[PDB]
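First to last, the protein sequences are chains B and A. Counting with the authors' numbering, you get residues 95 to 122, 128 to 189 for the letters of the first sequence. Counting with the authors' numbering, you get residues 95 to 120, 128 to 189 for the letters of the second sequence. We put the CB at the ideal spot given by N, CA and C, even for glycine. See structure below.
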Amino acid sequence: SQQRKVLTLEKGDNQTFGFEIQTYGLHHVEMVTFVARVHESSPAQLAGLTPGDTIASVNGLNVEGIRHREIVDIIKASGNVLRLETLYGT
Amino acid sequence: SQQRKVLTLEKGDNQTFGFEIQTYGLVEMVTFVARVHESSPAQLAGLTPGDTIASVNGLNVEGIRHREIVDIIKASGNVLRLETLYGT
């Protein structure tokens with residue numbers, strides 16, 4: 095059983111990838132970043148990004164002990180191609 | 095520092111509370134508020150996405166999965182009592 099998925103999102107210059115993430119401190128506290136929304140017809144949806152799944156890594160960077168802002172910053176710095184690793188949330 | 099909040103949601107007969115839950119495996130399975138709709142009973146009650154649900158109508162939900170919790174919520178009728186922990 096493999097709950098780890100690797101995806102590639104591609105977009106145009108003045109376009110966004112079409113997804114929202116939220117980092118929550120879940121009480122056993129564990130910080131977990133979730134895909135909160137994926138827009139219909141978006142690059143994220145086309146890449147197969149699923150709402151509810153958790154972000155494991157962004158462009159090769161394990162998001163383990165890093166701030167939610169770091170993740171957003173990394174995504175914005177990624178340009179038109181974004182590499183993500185997710186884990187089954189649902 | 096009190097991470098625990100107690101809430102009371104109230105709705106009408108032919109409607110829902112306006113929120114979705116998600117059971118996530120970390128102890129073990131934990132359930133949190135996945136989504137809260139705009140203008141909903143849940144939003145009005147202060148339910149906030151990302152908060153861990155500790156109990157429902159006085160029942161500790163620790164070792165319980167998604168469907169059983171939803172069943173409890175459905176059986177609750179128009180009033181629902183929840184205890185949640187800060188996720189943000």
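Output yes or no for whether 7 Å exceeds the beta carbon distance between residue i and residue j.
{"i": "residue 189 of chain B", "j": "residue 147 of chain B", "result": "no"}
{"i": "residue 185 of chain A", "j": "residue 105 of chain A", "result": "no"}
{"i": "residue 154 of chain B", "j": "residue 132 of chain B", "result": "yes"}
{"i": "residue 163 of chain B", "j": "residue 120 of chain A", "result": "no"}
Going straight from the alpha carbon of residue i to that of residue j, what length do you get?
{"i": "residue 177 of chain B", "j": "residue 171 of chain B", "result": "10 Å"}
{"i": "residue 140 of chain B", "j": "residue 159 of chain A", "result": "42 Å"}
{"i": "residue 108 of chain B", "j": "residue 109 of chain A", "result": "40 Å"}
{"i": "residue 161 of chain A", "j": "residue 149 of chain A", "result": "19 Å"}
{"i": "residue 117 of chain B", "j": "residue 168 of chain B", "result": "9 Å"}
{"i": "residue 145 of chain B", "j": "residue 136 of chain B", "result": "14 Å"}
{"i": "residue 111 of chain A", "j": "residue 142 of chain A", "result": "5 Å"}
{"i": "residue 181 of chain B", "j": "residue 114 of chain B", "result": "14 Å"}
{"i": "residue 179 of chain B", "j": "residue 187 of chain B", "result": "25 Å"}
Just reading off the alpha helix (DSSP H) that residue i is part of, what are its end residues?
{"i": "residue 143 of chain B", "result": "142 to 146"}
{"i": "residue 168 of chain B", "result": "167 to 176"}
For residue i, return the contacting residues in chain B, with the cut-off set at a CB-CB distance below 7 Å.
{"i": "residue 125 of chain A", "result": "Within the gap of chain A, which runs from 120 to 128, lies residue 125 of chain A, and it has no coordinates in the structure."}
Which residues in chain A sit within 8 Å of residue i, going by Cβ to Cβ distance?
{"i": "residue 144 of chain B", "result": "Per Cβ cutoff of 8 Å: no residues; residue 144 of chain B is ~17 Å from chain A at best."}
Let's see if you can read the secondary structure: which residues bound the beta strand (DSSP E) around residue i?
{"i": "residue 100 of chain A", "result": "98 to 104"}
{"i": "residue 149 of chain A", "result": "Element bounds for residue 149 of chain A: n/a, residue is neither H nor E."}
{"i": "residue 132 of chain A", "result": "130 to 137"}
Spell out the partners DSSP gives residue i in its beta bridges.
{"i": "residue 161 of chain B", "result": "B:156"}
{"i": "residue 118 of chain B", "result": "B:131"}
{"i": "residue 111 of chain A", "result": "Bridge partners of residue 111 of chain A: none, in fact."}
{"i": "residue 185 of chain B", "result": "B:99, B:154"}
Residues of chain B with CB under 9 Å from residue i, in chain order?
{"i": "residue 116 of chain A", "result": "133, 151, 188, 189"}
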